[PDB]
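Encoded as structure tokens, the structure appears first; notes follow it.
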Amino acid sequence: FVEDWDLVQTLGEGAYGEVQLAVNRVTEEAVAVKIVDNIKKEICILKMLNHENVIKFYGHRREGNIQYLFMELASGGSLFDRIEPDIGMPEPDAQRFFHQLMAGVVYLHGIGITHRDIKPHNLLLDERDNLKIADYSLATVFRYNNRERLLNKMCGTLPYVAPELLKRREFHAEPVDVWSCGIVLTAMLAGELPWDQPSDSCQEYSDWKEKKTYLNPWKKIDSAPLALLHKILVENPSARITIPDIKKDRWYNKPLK
Ligand SMILES: C[C@@H]1CCCN1c1c(C#N)c2c(N)ncnc2n1C
């Protein structure tokens with residue numbers, strides 16, 4: 001369906017466009033291809049990406065209106081599909097995925113890139129269940145020539161967004177991504193999202209700020225990972241734990257099955 005590649009089946013759809021499995025008729029190599037028709041930007045960011053926990057970019061092709069973004073195939077599918085509703089997954093699997101997600105986010109932050117839509121749909125698995133951060137549709141530069149710029153665009157997915165993104169005119173990129181990593185960890189350990197959005201008017205958010213951890217999803221989570229979620233899901237982004245400090249957390253470093 002494109003040059004040497006056949007488009008076998010749909011892998012899913014994001015905001016704009018669709019992702020297909022592409023098998024090479026000759027080589028039998030299978031990749032993923034995103035079919036689109038802002039996009040100059042995504043391509044530019046995709047070409048920066050070189051890390052084991054980030055989806056690799058292979059190259060692009062415009063054929064009329066349609067753009068084709070060839071990227072690493074994650075044959076394990078999404079983290080979303082490993083989260084059992086109302087249960088989550090075994091704590092050692094969740095810890096391993098969390099370690100990989102941090103590795104990925106440190107890498108992105110280190111090249112001055114914020115993902116801005118971290119959630120289990122955008123977290124993919126290779127054939128060895130290695131986590132890959134995928135979909136650079138909303139990704140943006142927050143650091144250039146060693147100068148940070150504050151963000152102002154509201155974007156992402158409400159249950160995953162940090163509260164400052166609803167309250168502040170401008171905010172730091174990195175603590176928004178840390179927050180969404182904490183919602184992902186909650187989802188992995190409890191198989192449910194704690195609130196529709198982190199606003200004053202959201203009773204489940206108020207409950208958390210009042211430390212009612214006898215409620216779900218918190219009552220399903222062991223005390224060690226929950227102590228970490230206490231440091232991540234902190235309303236003031238300048239008091240929120242940073243990744244260097246996540247890497248010193250007792251649960252983060254706890255040996256597990
Ligand atoms: C993450 C997006 C969102 C829509 C579905 N997606 C994707 C990919 C991307 N990109 C992707 C990929 N590279 N390998 C395998 N499966 C993929 N799926 C489901």
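Chain identifiers are assigned as A, B, and so on, following the order in which chains appear in the structure tokens; residues are numbered from 1 within each chain, and ligands are numbered from 1 in order of appearance.
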Quick one: which chain A residues come within 7 Å of ligand 1, and what is the nearest atom pair for each with the distance in Å to one decimal, counting only C-alpha atoms and all ligand atoms, rows ordered by chain and ascending number, as CSV?
```
residue,atom,partner,partner_atom_place_in_ligand_line,distance
A:11,CA,ligand 1,19 (C),4.4
A:12,CA,ligand 1,5 (C),3.9
A:13,CA,ligand 1,4 (C),4.3
A:14,CA,ligand 1,4 (C),4.5
A:18,CA,ligand 1,4 (C),6.7
A:19,CA,ligand 1,7 (C),5.8
A:32,CA,ligand 1,13 (N),4.9
A:34,CA,ligand 1,10 (N),6.7
A:55,CA,ligand 1,13 (N),6.4
A:71,CA,ligand 1,13 (N),5.8
A:72,CA,ligand 1,13 (N),5.4
A:73,CA,ligand 1,14 (N),3.7
A:74,CA,ligand 1,14 (N),3.9
A:75,CA,ligand 1,15 (C),5.8
A:77,CA,ligand 1,16 (N),5.3
A:78,CA,ligand 1,19 (C),6.5
A:121,CA,ligand 1,1 (C),6.1
A:122,CA,ligand 1,1 (C),4.3
A:123,CA,ligand 1,1 (C),6.8
A:124,CA,ligand 1,16 (N),6.7
A:134,CA,ligand 1,1 (C),4.9
A:135,CA,ligand 1,10 (N),4.7
```
Generate a file of the selected residues that holds N, CA, C and O atoms, formatted as a PDB file, in the first residue's frame.
```
ATOM      1  N   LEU A  11      -3.871  -0.314  13.884  1.00  0.00           N
ATOM      2  CA  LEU A  11      -3.309  -0.489  15.248  1.00  0.00           C
ATOM      3  C   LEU A  11      -4.046   0.424  16.232  1.00  0.00           C
ATOM      4  O   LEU A  11      -4.092   0.095  17.419  1.00  0.00           O
ATOM      5  N   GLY A  12      -4.634   1.509  15.745  1.00  0.00           N
ATOM      6  CA  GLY A  12      -5.454   2.411  16.568  1.00  0.00           C
ATOM      7  C   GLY A  12      -5.607   3.762  15.899  1.00  0.00           C
ATOM      8  O   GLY A  12      -5.201   3.875  14.724  1.00  0.00           O
ATOM      9  N   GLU A  13      -6.182   4.740  16.609  1.00  0.00           N
ATOM     10  CA  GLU A  13      -6.302   6.149  16.151  1.00  0.00           C
ATOM     11  C   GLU A  13      -6.016   7.063  17.344  1.00  0.00           C
ATOM     12  O   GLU A  13      -6.454   6.728  18.458  1.00  0.00           O
ATOM     13  N   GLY A  14      -5.266   8.143  17.108  1.00  0.00           N
ATOM     14  CA  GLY A  14      -5.011   9.245  18.057  1.00  0.00           C
ATOM     15  C   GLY A  14      -5.914  10.427  17.746  1.00  0.00           C
ATOM     16  O   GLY A  14      -6.955  10.211  17.106  1.00  0.00           O
ATOM     17  N   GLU A  18      -4.299   7.932  11.878  1.00  0.00           N
ATOM     18  CA  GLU A  18      -4.491   6.490  12.147  1.00  0.00           C
ATOM     19  C   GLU A  18      -3.127   5.795  12.086  1.00  0.00           C
ATOM     20  O   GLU A  18      -2.251   6.245  11.339  1.00  0.00           O
ATOM     21  N   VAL A  19      -2.950   4.723  12.835  1.00  0.00           N
ATOM     22  CA  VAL A  19      -1.676   3.976  12.828  1.00  0.00           C
ATOM     23  C   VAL A  19      -1.973   2.598  12.264  1.00  0.00           C
ATOM     24  O   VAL A  19      -2.957   1.981  12.726  1.00  0.00           O
ATOM     25  N   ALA A  32       5.386   0.132  12.244  1.00  0.00           N
ATOM     26  CA  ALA A  32       4.132   0.890  12.432  1.00  0.00           C
ATOM     27  C   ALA A  32       4.214   2.144  11.578  1.00  0.00           C
ATOM     28  O   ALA A  32       5.301   2.735  11.448  1.00  0.00           O
ATOM     29  N   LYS A  34       2.028   5.854  10.789  1.00  0.00           N
ATOM     30  CA  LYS A  34       0.944   6.802  11.126  1.00  0.00           C
ATOM     31  C   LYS A  34       0.584   7.554   9.852  1.00  0.00           C
ATOM     32  O   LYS A  34       1.511   8.057   9.172  1.00  0.00           O
ATOM     33  N   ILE A  55       9.641   5.370  21.282  1.00  0.00           N
ATOM     34  CA  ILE A  55       9.353   4.816  19.923  1.00  0.00           C
ATOM     35  C   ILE A  55      10.305   5.489  18.931  1.00  0.00           C
ATOM     36  O   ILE A  55      10.245   6.707  18.822  1.00  0.00           O
ATOM     37  N   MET A  71       7.643   4.241  12.008  1.00  0.00           N
ATOM     38  CA  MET A  71       8.207   4.208  13.368  1.00  0.00           C
ATOM     39  C   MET A  71       8.307   2.764  13.852  1.00  0.00           C
ATOM     40  O   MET A  71       7.690   1.872  13.264  1.00  0.00           O
ATOM     41  N   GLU A  72       9.054   2.547  14.919  1.00  0.00           N
ATOM     42  CA  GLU A  72       9.203   1.216  15.534  1.00  0.00           C
ATOM     43  C   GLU A  72       7.816   0.642  15.817  1.00  0.00           C
ATOM     44  O   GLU A  72       6.940   1.358  16.346  1.00  0.00           O
ATOM     45  N   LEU A  73       7.626  -0.640  15.540  1.00  0.00           N
ATOM     46  CA  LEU A  73       6.394  -1.360  15.908  1.00  0.00           C
ATOM     47  C   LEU A  73       6.557  -1.885  17.334  1.00  0.00           C
ATOM     48  O   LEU A  73       7.605  -2.424  17.665  1.00  0.00           O
ATOM     49  N   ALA A  74       5.546  -1.709  18.168  1.00  0.00           N
ATOM     50  CA  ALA A  74       5.554  -2.253  19.534  1.00  0.00           C
ATOM     51  C   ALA A  74       4.603  -3.432  19.468  1.00  0.00           C
ATOM     52  O   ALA A  74       3.399  -3.218  19.387  1.00  0.00           O
ATOM     53  N   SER A  75       5.152  -4.631  19.392  1.00  0.00           N
ATOM     54  CA  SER A  75       4.365  -5.843  19.058  1.00  0.00           C
ATOM     55  C   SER A  75       3.582  -6.316  20.298  1.00  0.00           C
ATOM     56  O   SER A  75       2.641  -7.092  20.121  1.00  0.00           O
ATOM     57  N   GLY A  77       1.643  -4.354  22.129  1.00  0.00           N
ATOM     58  CA  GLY A  77       0.458  -3.493  22.262  1.00  0.00           C
ATOM     59  C   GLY A  77       0.661  -2.470  23.372  1.00  0.00           C
ATOM     60  O   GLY A  77       1.828  -2.144  23.685  1.00  0.00           O
ATOM     61  N   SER A  78      -0.424  -2.029  24.008  1.00  0.00           N
ATOM     62  CA  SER A  78      -0.378  -0.906  24.976  1.00  0.00           C
ATOM     63  C   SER A  78      -0.308  -1.379  26.432  1.00  0.00           C
ATOM     64  O   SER A  78      -0.833  -2.453  26.795  1.00  0.00           O
ATOM     65  N   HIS A 121      -2.626   4.444  27.152  1.00  0.00           N
ATOM     66  CA  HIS A 121      -2.778   4.340  25.677  1.00  0.00           C
ATOM     67  C   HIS A 121      -1.509   4.724  24.906  1.00  0.00           C
ATOM     68  O   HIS A 121      -1.335   4.188  23.777  1.00  0.00           O
ATOM     69  N   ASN A 122      -0.677   5.646  25.428  1.00  0.00           N
ATOM     70  CA  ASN A 122       0.516   6.185  24.736  1.00  0.00           C
ATOM     71  C   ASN A 122       1.773   5.488  25.243  1.00  0.00           C
ATOM     72  O   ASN A 122       2.895   5.930  24.930  1.00  0.00           O
ATOM     73  N   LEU A 123       1.602   4.443  26.018  1.00  0.00           N
ATOM     74  CA  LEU A 123       2.746   3.687  26.555  1.00  0.00           C
ATOM     75  C   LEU A 123       2.667   2.278  25.992  1.00  0.00           C
ATOM     76  O   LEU A 123       1.746   1.517  26.373  1.00  0.00           O
ATOM     77  N   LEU A 124       3.583   1.955  25.094  1.00  0.00           N
ATOM     78  CA  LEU A 124       3.549   0.688  24.331  1.00  0.00           C
ATOM     79  C   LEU A 124       4.632  -0.289  24.823  1.00  0.00           C
ATOM     80  O   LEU A 124       5.524   0.092  25.602  1.00  0.00           O
ATOM     81  N   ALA A 134       5.194   6.712  23.259  1.00  0.00           N
ATOM     82  CA  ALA A 134       4.702   6.837  21.872  1.00  0.00           C
ATOM     83  C   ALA A 134       3.796   8.052  21.729  1.00  0.00           C
ATOM     84  O   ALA A 134       3.247   8.529  22.727  1.00  0.00           O
ATOM     85  N   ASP A 135       3.629   8.497  20.485  1.00  0.00           N
ATOM     86  CA  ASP A 135       2.720   9.577  20.026  1.00  0.00           C
ATOM     87  C   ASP A 135       3.263  10.946  20.434  1.00  0.00           C
ATOM     88  O   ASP A 135       2.947  11.397  21.580  1.00  0.00           O
TER      89      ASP A 135
END
```
Quiz item: So which residues touch residue 254 in chain A within 12 Å, counting only C-alpha atoms, skipping near sequence neighbours fewer than 2 positions away, as an MDAnalysis selection string?
Solution: chainID A and resid 91:92 95:96 99 224:225 228 247:252 256:257
Would you mind exporting the chosen residues as a CSV table (one decimal), in the first residue's frame, restricted to N, CA and C atoms?
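File out.csv, as written:
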```csv
chain,number,residue,atom,x,y,z
A,91,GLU,N,2.3,-5.8,41.4
A,91,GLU,CA,3.2,-4.7,41.9
A,91,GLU,C,4.6,-4.8,41.3
A,92,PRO,N,5.2,-6.0,41.1
A,92,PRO,CA,6.5,-6.0,40.5
A,92,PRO,C,6.5,-5.6,39.0
A,95,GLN,N,6.1,-1.8,39.1
A,95,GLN,CA,7.4,-1.2,39.4
A,95,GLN,C,8.4,-1.2,38.2
A,96,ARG,N,8.4,-2.3,37.5
A,96,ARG,CA,9.3,-2.4,36.3
A,96,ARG,C,8.9,-1.4,35.3
A,99,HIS,N,9.8,2.1,36.3
A,99,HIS,CA,11.3,2.4,36.1
A,99,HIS,C,11.5,2.7,34.6
A,224,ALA,N,4.0,1.4,50.7
A,224,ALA,CA,5.2,1.9,50.1
A,224,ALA,C,4.9,2.7,48.8
A,225,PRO,N,4.3,2.1,47.8
A,225,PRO,CA,4.0,2.8,46.5
A,225,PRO,C,3.1,4.1,46.8
A,228,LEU,N,5.0,7.1,47.7
A,228,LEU,CA,5.5,7.8,46.5
A,228,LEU,C,4.4,8.6,45.9
A,247,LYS,N,13.9,8.8,42.2
A,247,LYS,CA,14.9,7.7,42.0
A,247,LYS,C,15.5,7.3,43.3
A,248,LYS,N,15.3,8.1,44.4
A,248,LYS,CA,15.8,7.9,45.8
A,248,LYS,C,14.6,7.3,46.6
A,249,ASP,N,13.4,7.2,46.1
A,249,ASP,CA,12.2,6.7,46.9
A,249,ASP,C,12.4,5.3,47.3
A,250,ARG,N,11.9,4.9,48.5
A,250,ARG,CA,12.1,3.6,49.1
A,250,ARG,C,11.4,2.6,48.2
A,251,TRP,N,10.1,2.8,47.8
A,251,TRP,CA,9.4,1.8,47.0
A,251,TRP,C,10.1,1.7,45.6
A,252,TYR,N,10.6,2.8,45.0
A,252,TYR,CA,11.2,2.8,43.7
A,252,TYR,C,12.4,1.8,43.8
A,256,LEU,N,11.5,-6.6,44.3
A,256,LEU,CA,10.2,-7.2,44.1
A,256,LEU,C,10.2,-8.3,43.1
A,257,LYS,N,9.5,-9.4,43.4
A,257,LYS,CA,9.2,-10.7,42.6
A,257,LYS,C,9.3,-10.4,41.1
```
Practice problem: Pick out the closest residue to residue 186 in chain A from this set: A:232, A:23, A:125, A:8. Count only C-alpha atoms. | Solution: A:232
Can you tell me which residues surround residue 192 in chain A at a distance of at most 8 Å, considering only C-alpha atoms, apart from same-chain residues fewer than 6 positions away, and format the answer as a compact mmCIF listing (two decimals) with N, CA and C atoms, in the first residue's frame?
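File result.txt, as written:
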```txt
# COMPACT_ATOMS: atom_id res chain seq x y z
N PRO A 85 -9.22 -3.86 34.80
CA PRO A 85 -10.11 -2.89 35.43
C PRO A 85 -10.44 -3.30 36.87
N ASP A 86 -10.27 -2.36 37.80
CA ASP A 86 -10.53 -2.48 39.24
C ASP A 86 -9.45 -3.25 39.99
N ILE A 87 -8.46 -3.81 39.31
CA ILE A 87 -7.40 -4.66 39.93
C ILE A 87 -6.04 -3.98 39.72
N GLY A 88 -5.73 -3.64 38.48
CA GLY A 88 -4.40 -3.14 38.10
C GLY A 88 -3.53 -4.27 37.58
N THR A 186 -0.86 5.01 39.59
CA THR A 186 -2.15 4.72 40.28
C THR A 186 -2.97 3.69 39.48
N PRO A 217 -9.15 4.97 44.84
CA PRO A 217 -8.37 3.75 44.59
C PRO A 217 -7.28 3.47 45.61
```
Quiz prompt | strand (DSSP E or B) residues, from DSSP on the backbone, in range 5-202 of chain A, as a PyMOL selection string | solution = chain A and resi 5-13+18-24+30-36+54+57-63+66-71+77-78+84+88+113-114+123-125+131-133+140-141+143-144+147-148+151+171
Select from range 161-251 of chain A every residue with an atom at most 8 Å from any atom of range 104-110 of chain A, then for each give the shortest pair of atoms and their distance in Å to one decimal, using only C-alpha atoms, rows by chain and rising number, as JSON lines.
```
{"residue": "A:174", "atom": "CA", "partner": "A:109", "partner_atom": "CA", "distance": 7.0}
{"residue": "A:177", "atom": "CA", "partner": "A:105", "partner_atom": "CA", "distance": 7.8}
{"residue": "A:243", "atom": "CA", "partner": "A:106", "partner_atom": "CA", "distance": 7.4}
```
Deliver the residues from the most recent selection as a file, using N, CA, C and O atoms, as a short mmCIF file (atom, residue, chain, number, x, y, z; two decimals), in the first residue's frame.
```
data_model
loop_
_atom_site.label_atom_id
_atom_site.label_comp_id
_atom_site.auth_asym_id
_atom_site.auth_seq_id
_atom_site.Cartn_x
_atom_site.Cartn_y
_atom_site.Cartn_z
N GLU A 174 8.11 20.15 33.22
CA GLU A 174 8.55 18.85 33.76
C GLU A 174 7.60 18.36 34.84
O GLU A 174 7.30 17.16 34.85
N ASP A 177 4.49 16.46 33.41
CA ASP A 177 4.81 15.09 32.98
C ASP A 177 5.01 14.19 34.23
O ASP A 177 4.56 13.03 34.23
N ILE A 243 12.15 13.98 39.36
CA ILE A 243 12.57 12.62 39.03
C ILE A 243 13.84 12.24 39.78
O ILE A 243 13.89 11.11 40.29
#
```
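Distances to residue 219 in chain A were evaluated for A:189, A:100, A:205, A:176 using only C-alpha atoms, and the minimum falls at A:189.
Distance-wise, CA of residue 58 in chain A and CA of residue 22 in chain A end up 12.4 Å apart.
Closest to residue 206 in chain A among A:188, A:163, A:237, A:24 is A:163, based on only C-alpha atoms.
Nearest-residue note for residue 101 in chain A: choosing from A:63, A:76, A:53, A:117, the minimum distance belongs to A:53, counting only C-alpha atoms.
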Quiz item: Leaving out range 37-50 of chain A and any residue of its chain fewer than 3 positions from it, which residues lie within 10 Å of it when counting only C-alpha atoms, given as an MDAnalysis selection string?
Solution: chainID A and resid 16:18 53:60 64:69 71 107:108 111 113 134:141
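Shortest separation to residue 221 in chain A among A:102, A:234, A:151, A:89 occurs at residue A:89, atoms counted being only C-alpha atoms.
Of the listed residues (A:131, A:31, A:173, A:7), A:173 comes nearest to residue 242 in chain A; the distances count only C-alpha atoms.
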Quiz item: Contacts of residue 25 in chain A at 8 Å or less, counting only C-alpha atoms, minus same-chain residues fewer than 5 places along, as a list in words?
Solution: residues 4, 5 and 6 of chain A
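Interatomic distance, CA of residue 153 in chain A to CA of residue 175 in chain A: 14.9 Å.
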